[PDB]
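work_20.cif (mmCIF, C-alpha atoms (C1' of nucleotides)) appears below.
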```cif
data_structure
loop_
_atom_site.group_PDB
_atom_site.id
_atom_site.type_symbol
_atom_site.label_atom_id
_atom_site.label_comp_id
_atom_site.auth_asym_id
_atom_site.auth_seq_id
_atom_site.Cartn_x
_atom_site.Cartn_y
_atom_site.Cartn_z
ATOM 1 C CA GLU A 1 -38.476 -3.537 70.832
ATOM 2 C CA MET A 2 -37.410 0.120 71.016
ATOM 3 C CA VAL A 3 -37.794 0.854 67.299
ATOM 4 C CA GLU A 4 -41.079 -1.073 66.902
ATOM 5 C CA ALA A 5 -42.518 0.974 69.775
ATOM 6 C CA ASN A 6 -41.056 4.327 68.661
ATOM 7 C CA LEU A 7 -41.679 4.428 64.901
ATOM 8 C CA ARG A 8 -44.781 6.500 65.693
ATOM 9 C CA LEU A 9 -42.839 9.232 67.517
ATOM 10 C CA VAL A 10 -40.687 9.435 64.371
ATOM 11 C CA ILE A 11 -43.714 9.770 62.093
ATOM 12 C CA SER A 12 -45.332 12.300 64.474
ATOM 13 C CA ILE A 13 -42.223 14.498 64.435
ATOM 14 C CA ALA A 14 -41.651 13.872 60.705
ATOM 15 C CA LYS A 15 -45.095 14.822 59.372
ATOM 16 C CA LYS A 16 -44.542 18.428 60.539
ATOM 17 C CA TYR A 17 -41.278 18.800 58.553
ATOM 18 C CA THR A 18 -42.700 18.217 55.053
ATOM 19 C CA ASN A 19 -42.321 21.689 53.506
ATOM 20 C CA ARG A 20 -42.001 20.434 49.892
ATOM 21 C CA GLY A 21 -38.206 20.166 49.820
ATOM 22 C CA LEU A 22 -38.212 16.492 48.796
ATOM 23 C CA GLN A 23 -40.633 13.561 48.914
ATOM 24 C CA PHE A 24 -41.380 12.669 52.504
ATOM 25 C CA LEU A 25 -40.638 8.918 52.482
ATOM 26 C CA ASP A 26 -36.918 9.731 52.448
ATOM 27 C CA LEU A 27 -37.621 11.984 55.441
ATOM 28 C CA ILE A 28 -39.321 9.031 57.177
ATOM 29 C CA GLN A 29 -36.292 6.830 56.451
ATOM 30 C CA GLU A 30 -33.842 9.492 57.657
ATOM 31 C CA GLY A 31 -35.956 9.929 60.786
ATOM 32 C CA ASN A 32 -35.674 6.186 61.378
ATOM 33 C CA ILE A 33 -31.884 6.433 60.969
ATOM 34 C CA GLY A 34 -31.879 9.339 63.433
ATOM 35 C CA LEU A 35 -33.953 7.256 65.845
ATOM 36 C CA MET A 36 -31.340 4.486 65.579
ATOM 37 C CA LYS A 37 -28.509 6.969 66.185
ATOM 38 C CA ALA A 38 -30.369 8.424 69.184
ATOM 39 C CA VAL A 39 -30.979 4.980 70.713
ATOM 40 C CA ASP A 40 -27.310 4.039 70.174
ATOM 41 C CA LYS A 41 -26.181 6.880 72.446
ATOM 42 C CA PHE A 42 -28.868 7.049 75.120
ATOM 43 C CA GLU A 43 -28.093 7.404 78.832
ATOM 44 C CA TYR A 44 -30.000 6.119 81.866
ATOM 45 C CA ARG A 45 -28.566 8.040 84.846
ATOM 46 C CA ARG A 46 -29.885 11.396 83.575
ATOM 47 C CA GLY A 47 -33.487 10.717 84.608
ATOM 48 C CA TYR A 48 -35.100 12.585 81.707
ATOM 49 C CA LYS A 49 -37.350 11.216 78.978
ATOM 50 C CA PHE A 50 -35.969 9.885 75.694
ATOM 51 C CA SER A 51 -38.085 12.085 73.399
ATOM 52 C CA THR A 52 -36.385 15.366 74.349
ATOM 53 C CA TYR A 53 -32.941 13.848 73.751
ATOM 54 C CA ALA A 54 -33.990 12.144 70.503
ATOM 55 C CA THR A 55 -35.684 15.280 69.113
ATOM 56 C CA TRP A 56 -32.359 17.080 68.579
ATOM 57 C CA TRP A 57 -30.831 14.060 66.815
ATOM 58 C CA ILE A 58 -33.840 13.523 64.554
ATOM 59 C CA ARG A 59 -33.971 17.244 63.693
ATOM 60 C CA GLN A 60 -30.247 17.081 62.878
ATOM 61 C CA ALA A 61 -30.967 14.090 60.620
ATOM 62 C CA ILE A 62 -33.866 15.860 58.866
ATOM 63 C CA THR A 63 -31.720 19.016 58.541
ATOM 64 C CA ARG A 64 -28.805 17.196 56.907
ATOM 65 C CA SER A 65 -31.212 15.276 54.648
ATOM 66 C CA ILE A 66 -32.959 18.454 53.477
ATOM 67 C CA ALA A 67 -29.541 20.124 53.065
ATOM 68 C CA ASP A 68 -27.845 17.120 51.416
ATOM 69 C CA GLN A 69 -28.977 17.600 47.814
ATOM 70 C CA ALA A 70 -32.007 19.976 47.976
ATOM 71 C CA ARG A 71 -31.767 20.726 44.209
ATOM 72 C CA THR A 72 -30.403 19.199 41.030
ATOM 73 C CA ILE A 73 -27.029 20.698 42.006
ATOM 74 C CA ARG A 74 -24.796 20.386 45.073
ATOM 75 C CA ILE A 75 -24.882 23.212 47.633
ATOM 76 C CA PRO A 76 -23.026 22.980 50.984
ATOM 77 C CA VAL A 77 -24.689 23.182 54.382
ATOM 78 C CA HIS A 78 -23.221 26.548 55.437
ATOM 79 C CA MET A 79 -24.447 28.138 52.198
ATOM 80 C "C1'" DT B 1 1.840 23.748 -126.798
ATOM 81 C "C1'" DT B 2 2.329 21.929 -121.944
ATOM 82 C "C1'" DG B 3 4.538 18.915 -118.161
ATOM 83 C "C1'" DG B 4 8.920 17.614 -115.993
ATOM 84 C "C1'" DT B 5 14.236 16.754 -115.612
ATOM 85 C "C1'" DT B 6 18.436 19.652 -115.362
ATOM 86 C "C1'" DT B 7 21.251 23.565 -113.737
ATOM 87 C "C1'" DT B 8 22.869 27.866 -111.349
ATOM 88 C "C1'" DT B 9 22.368 31.862 -108.042
ATOM 89 C "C1'" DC B 10 21.619 33.247 -103.254
ATOM 90 C "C1'" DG B 11 20.256 33.808 -98.851
ATOM 91 C "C1'" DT B 12 20.654 30.591 -95.173
ATOM 92 C "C1'" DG B 13 23.066 27.108 -92.349
ATOM 93 C "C1'" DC B 14 27.360 25.012 -90.556
ATOM 94 C "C1'" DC B 15 32.423 25.586 -89.103
ATOM 95 C "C1'" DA B 16 36.395 28.367 -87.327
ATOM 96 C "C1'" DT B 17 39.087 32.586 -85.783
ATOM 97 C "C1'" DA B 18 38.697 36.249 -82.199
ATOM 98 C "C1'" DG B 19 37.425 38.236 -77.126
ATOM 99 C "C1'" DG B 20 34.578 38.955 -72.502
ATOM 100 C "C1'" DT B 21 31.200 37.571 -67.931
ATOM 101 C "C1'" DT B 22 31.378 34.605 -64.969
ATOM 102 C "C1'" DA B 23 31.075 29.479 -62.525
ATOM 103 C "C1'" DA B 24 35.709 27.172 -59.395
ATOM 104 C "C1'" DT B 25 38.191 25.635 -55.086
ATOM 105 C "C1'" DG B 26 40.607 28.710 -52.219
ATOM 106 C "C1'" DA B 27 42.289 33.071 -48.930
ATOM 107 C "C1'" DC B 28 39.794 36.220 -46.906
ATOM 108 C "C1'" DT B 29 38.242 38.597 -42.830
ATOM 109 C "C1'" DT B 30 34.728 39.178 -39.232
ATOM 110 C "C1'" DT B 31 31.854 37.310 -35.707
ATOM 111 C "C1'" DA B 32 31.283 33.792 -32.221
ATOM 112 C "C1'" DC B 33 32.807 30.409 -28.847
ATOM 113 C "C1'" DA B 34 36.219 28.930 -25.453
ATOM 114 C "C1'" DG B 35 40.223 29.789 -21.944
ATOM 115 C "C1'" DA B 36 41.826 31.894 -17.161
ATOM 116 C "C1'" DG B 37 42.007 35.780 -13.391
ATOM 117 C "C1'" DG B 38 40.856 39.509 -9.796
ATOM 118 C "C1'" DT B 39 36.743 41.406 -7.156
ATOM 119 C "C1'" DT B 40 31.907 41.794 -4.942
ATOM 120 C "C1'" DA B 41 28.648 40.865 -1.456
ATOM 121 C "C1'" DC B 42 26.425 37.624 0.490
ATOM 122 C "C1'" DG B 43 25.300 32.652 3.557
ATOM 123 C "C1'" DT B 44 26.501 29.523 7.121
ATOM 124 C "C1'" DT B 45 28.823 28.778 11.593
ATOM 125 C "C1'" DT B 46 30.168 30.530 16.262
ATOM 126 C "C1'" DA B 47 30.211 33.237 21.131
ATOM 127 C "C1'" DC B 48 27.659 36.310 24.504
ATOM 128 C "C1'" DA B 49 24.155 39.290 27.241
ATOM 129 C "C1'" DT B 50 19.342 39.542 28.709
ATOM 130 C "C1'" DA B 51 14.027 37.786 28.853
ATOM 131 C "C1'" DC B 52 9.428 35.111 29.174
ATOM 132 C "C1'" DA B 53 8.456 31.303 30.835
ATOM 133 C "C1'" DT B 54 8.080 27.752 34.472
ATOM 134 C "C1'" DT B 55 9.286 25.761 39.183
ATOM 135 C "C1'" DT B 56 9.198 26.302 44.389
ATOM 136 C "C1'" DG B 57 7.370 28.216 49.481
ATOM 137 C "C1'" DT B 58 3.725 31.001 52.067
ATOM 138 C "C1'" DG B 59 -0.855 33.577 53.501
ATOM 139 C "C1'" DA B 60 -5.849 33.270 52.997
ATOM 140 C "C1'" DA B 61 -11.283 30.307 51.218
ATOM 141 C "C1'" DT B 62 -14.252 26.566 52.403
ATOM 142 C "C1'" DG B 63 -15.930 21.731 54.550
ATOM 143 C "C1'" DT B 64 -16.961 17.929 56.049
ATOM 144 C "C1'" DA B 65 -16.407 16.628 60.824
ATOM 145 C "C1'" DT B 66 -19.479 15.086 65.805
ATOM 146 C "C1'" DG B 67 -23.256 17.012 69.033
ATOM 147 C "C1'" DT B 68 -26.875 20.157 71.703
ATOM 148 C "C1'" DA B 69 -29.783 16.611 77.346
ATOM 149 C "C1'" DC B 70 -38.624 20.074 81.215
ATOM 150 C "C1'" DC B 71 -42.339 17.609 77.800
ATOM 151 C "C1'" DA B 72 -43.225 16.713 72.239
ATOM 152 C "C1'" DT B 73 -46.165 9.229 70.564
ATOM 153 C "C1'" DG B 74 -50.800 6.715 63.327
ATOM 154 C "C1'" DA B 75 -52.295 9.126 58.159
ATOM 155 C "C1'" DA B 76 -53.101 10.829 53.377
ATOM 156 C "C1'" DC B 77 -52.887 17.333 55.076
ATOM 157 C "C1'" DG B 78 -54.942 18.924 49.928
ATOM 158 C "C1'" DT B 79 -54.239 16.253 45.076
ATOM 159 C "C1'" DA B 80 -58.962 15.176 40.717
ATOM 160 C "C1'" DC B 81 -62.193 15.422 36.692
ATOM 161 C "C1'" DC B 82 -66.057 11.385 35.771
ATOM 162 C "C1'" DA B 83 -63.792 10.504 27.054
ATOM 163 C "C1'" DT B 84 -64.447 5.261 24.225
ATOM 164 C "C1'" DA B 85 -64.495 0.586 23.154
ATOM 165 C "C1'" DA B 86 -60.902 -5.109 22.043
ATOM 166 C "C1'" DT B 87 -59.215 -8.464 25.893
ATOM 167 C "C1'" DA B 88 -58.795 -10.824 29.767
ATOM 168 C "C1'" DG B 89 -59.741 -11.799 35.055
ATOM 169 C "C1'" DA B 90 -62.816 -13.321 39.806
ATOM 170 C "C1'" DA B 91 -67.563 -15.212 40.614
ATOM 171 C "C1'" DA B 92 -72.843 -16.494 39.810
ATOM 172 C "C1'" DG B 93 -76.236 -19.128 38.761
ATOM 173 C "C1'" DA B 94 -77.474 -22.535 34.448
#
```

File written out as structure tokens:
Amino acid sequence: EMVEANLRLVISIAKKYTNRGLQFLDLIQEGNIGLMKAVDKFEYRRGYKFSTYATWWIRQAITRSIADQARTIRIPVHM
DNA sequence: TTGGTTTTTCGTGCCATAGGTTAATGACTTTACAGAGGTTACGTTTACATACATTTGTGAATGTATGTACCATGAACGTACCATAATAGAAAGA
């Protein structure tokens, strides 16, 4: 029920990170994986909304996806 | 008067006495082959000192490793020229 009601937050934050690094369906899938990893470690006693906490995780997912291959060769993340 | 048998010399042919170059095996002698004996300058075997390598620990380069807590809620997010005709498909009236 969480993922079927928050796929659209993922696509809304994922359609602004499509700067021609790779085809964007992999970015949609990695955003869904980041949504899963943000739901798996979500707290209730904080009192804040879930989007601000999930934004950092989904940007980390999109960052590691765009820095995973990024070329035909392998370049590390720090480089 | 002329042809032919008979007979005797005479240079030529056969036999015998003399005397010399030159074949014989050898005895040569000279060259060649076969016998040992002292000396040379290597070739193989052996020990010993020092060297490039190769085998170890120790100080620096990167690299995945998990997370960051006001609010972020659907779209292509700029692609593209529009040739030509054999063979089927999903329906529409015959």

Point-to-point distance in Å for CA of residue 54 (chain A) and CA of residue 35 (chain A)
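Between CA of residue 35 (chain A) and CA of residue 54 (chain A) the gap is 6.8 Å.
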
Taking only C-alpha atoms (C1' of nucleotides) into account, report as an NGL selection string which residues of chain A lie within 10 Å of chain B.
:A and (5-13 or 15 or 42-43 or 46 or 48-57 or 60 or 76-78)

Pairwise distance for CA of residue 36 (chain A) and CA of residue 61 (chain A), rounded to one decimal in Å:
10.8 Å

Atomic distance CA of residue 73 (chain A) - CA of residue 27 (chain A), expressed in Å with one decimal
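So the two atoms, CA of residue 73 (chain A) and CA of residue 27 (chain A), lie 19.2 Å apart.
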
Which residues are near residue 26 (chain A)? Cut-off 12 Å, all atoms listed in the file, ignore same chain within fewer than 2 positions. Put them as a list in words.
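Non-adjacent residues within range: residues 11, 14, 15, 17, 18, 21, 22, 23, 24, 28, 29, 30, 31, 32, 33, 61, 62, 64, 65, 66 and 68 of chain A.
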
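Comparing the minimum interatomic distances between residue 37 (chain A) and each of A:25, A:70, A:75, A:3, counting all atoms listed in the file, we find that A:3 sits nearest.
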